[PDB]
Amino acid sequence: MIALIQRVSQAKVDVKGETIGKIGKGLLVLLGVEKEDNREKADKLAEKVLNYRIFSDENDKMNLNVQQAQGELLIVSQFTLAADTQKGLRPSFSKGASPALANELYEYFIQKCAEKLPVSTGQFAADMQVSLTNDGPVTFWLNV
C-alpha cells in the first residue's frame, strides 16, 4: 500500500464542478492499494502517515507530525501510484489491487486515520479535480 503525501496549506476535491471534500493545513494523501494489501498493512500505513515528521515546529525544523501540527488529511484514491513505470512509456498495473479490494482498503484506511485526526476524502472511482497548495513543497512517498 502506498500513501504519497504532500504537505498542504489547503486542498480540495471537486467532482463535476462541485467541491466534495476540503481541508485547511494538513496532508493530501494519494492512496494506492496493491495486490496483497490487507487491513494490517493499512493500519501500519495510517500510523506512518499520522506520525511522519513532516511539519515545521516553532523553529522551522521538520519535527512535527500532522496530529501535533493540528492538521487534517484529505485522502484520495489514486490507482496510478501502484503502476510499474520502469519500461517503455506506458504504465503497467500488475501490482494494482482490484477495484473491489482497493475501495475496501481505501474506505478502511480512512476509518483508521479518522480514529486520530479529522479527515476528508475524495470519492472512489470518480473523475476528480484535486486542487492544493503544496507548502514547501514537501512530498514523501510512504509505503508498506
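Heads up: residue numbers just count along the shown sequence, starting at 1.
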- Higher mean Cα B-factor in the deposited model: 24-32 or 107-115? 107-115
- Averaging C-alpha B-factors over each stretch, which comes out higher, 5-13 or 118-126? 118-126
- Message: Per the entry's Cα B factor values, which of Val76, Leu89, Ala82, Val66 stands out as the maximum?
- Response: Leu89
- Query: Based on the entry's values, in what third of the chain does the Cα temperature factor of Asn51 lie: lowest, middle or highest?
  - Reply: lowest
